[PDB]
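Dumping the structure here so I can ask a few things about it.
Order as written gives the chain letters A, B, C, D, E and F; numbering starts at 1 within each chain.
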Amino acid sequence: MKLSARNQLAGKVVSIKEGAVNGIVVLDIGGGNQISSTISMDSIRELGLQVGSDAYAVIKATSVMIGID
Amino acid sequence: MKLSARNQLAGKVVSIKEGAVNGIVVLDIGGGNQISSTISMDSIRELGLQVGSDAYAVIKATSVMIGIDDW
Amino acid sequence: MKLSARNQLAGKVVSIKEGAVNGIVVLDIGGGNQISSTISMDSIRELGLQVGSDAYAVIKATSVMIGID
Amino acid sequence: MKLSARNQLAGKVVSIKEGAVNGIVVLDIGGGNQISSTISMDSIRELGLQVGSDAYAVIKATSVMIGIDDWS
Amino acid sequence: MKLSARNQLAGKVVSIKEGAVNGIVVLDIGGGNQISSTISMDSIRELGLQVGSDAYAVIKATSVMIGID
Amino acid sequence: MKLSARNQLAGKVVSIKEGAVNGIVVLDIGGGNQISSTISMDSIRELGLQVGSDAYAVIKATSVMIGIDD
């Protein structure tokens, strides 16, 4: 599928913390930036995610806030 | 303030597209990646955002999905 | 791509309301159900969406609440 | 109450996956479509949700993305 | 309807700023706190919201972050 | 940090329900109102949140729906 979401950031999975219904996937997207994703364990298994998997952090623009110092 | 949001990615404003109640801020976060953020115009003003401003893309972990090519 | 989101509902576009930076896409997903999606105008154009286009409503499970009468 | 959410889809609960703080409710909304909802276990209890209960999947329009096929 | 959303905060509308597809409703919920809600203009009209309307701010728990000084 | 999020509500932690990857922080914001927050356990530890901590409920405006009595 092709998605409307303005943010689709390629990266490699560096860790997966598993829970009973959800897990937290950490993605290295390069340049020293990491994105953490809290998603269902069902989706983590269905996508075959492992440490080292290539993937994308997918974020709708309306979910992104801006901060300043 | 210190925020629980797992994703707080430093970057520079590349563009601001203004609307009536919301606008879209594009952040260059390095490594060739940019993040687009849809936020209220009042917040864009209150935060003093301009092209070239230093800022952060702030994202709650429960807002991030994962995709794969699945070739 | 293949997306983690638990909800990926095929449907046909029945209306598009254009705004300044966002628009509202309405999808007929069958069974008398329609879904409205508020997304950026850039994504509406980049995806080539028109009335009658085939598309999908994509929703993360953590975005869905449950109600009862 | 009456809710602003543009998406309020009637359906029947077909499964509930219970966890420690959250659970996943799957709603059959007809036409071959199902909606999965991740919500707190306390909410599942307070609403008395069971397999077979009537309910609604409630989704804010700003939470819905659109996809198209890869070959479009 | 009765909603799963853990946050349902009673208040009065103190401001409505209208846009083309969305608007922003500000609700005074007491104690000096106001909650701003960005929702579709259709919902604003359909709920009959005006300055002075009684309403509720409804927020899913997974949408709420915590901050500290 | 200064956040664009239009909703930033001061309160005191009255409870934390811990899970394996997320927890639920209940914040008393006064006037009889509470805010519940489902966030990662890493964040709860990273902010040192405990019962009695002063904190803020932070909500993006696009995350808030409005309801009315019918």
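Assume a contact is a pair of C-beta atoms (placed from the backbone, for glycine too) under 8 Å apart; a residue touches a chain by one contact, two chains touch by 3 or more.
**Student:** Could you quickly compare B-F and E-F and let me know which has more C-beta contacts?
**Tutor:** More contacting C-beta pairs are found at E-F.
**Student:** Rotation angle, chain A onto chain C: superpose the C-alpha atoms of these two copies and give the value as a multiple of 5 degrees.
**Tutor:** The C-alpha superposition of chain A onto chain C needs 180 degrees.
**Student:** With chain centres defined as C-alpha means, what is the inter-centre distance between chain A and chain C in Å?
**Tutor:** Once rounded, the distance between the two centres reads 21 Å.
**Student:** Taking the mean of the CA coordinates per chain, how far is chain B from chain E in Å?
**Tutor:** 23
**Student:** Please set out, as single numbers or ranges, the residues of chain C touching at least two other chains.
**Tutor:** Correct list: 1-6, 8, 19-20, 22, 24, 36-40, 42-44, 47, 56, 58, 60-63, 65-69.
**Student:** Chain contact graph: line, ring, star, complete or other?
**Tutor:** other
**Student:** For this structure, give each pair of chains that are touching.
**Tutor:** A-B, A-C, A-D, A-F, B-C, B-E, B-F, C-D, C-E, D-E, D-F, E-F
**Student:** If we count contacts the way the header does, which residues on chain D are in touch with chain F in the complex?
**Tutor:** These residues of chain D touch chain F: 1-5, 19-22, 40, 42, 60, 62.
**Student:** Would you tell me which residues of chain C are touching chain A in their complex?
**Tutor:** It is residues 1-6, 8, 22, 37-40, 42-44, 46-47, 56, 58, 60-62 of chain C that touch chain A.
**Student:** Please name which positions on chain F make contact with chain D in the complex.
**Tutor:** Counting only chain F, the residues touching chain D are 17-20, 22-24, 36, 38, 62-63, 65-70.
**Student:** Applying the document's contact rule, which stretches of chain F touch chain E when the two form their complex?
**Tutor:** Touching chain E from chain F are residues 3, 5-9, 24-25, 27, 29-31, 33, 35-39, 43-44, 47-49, 53-69.
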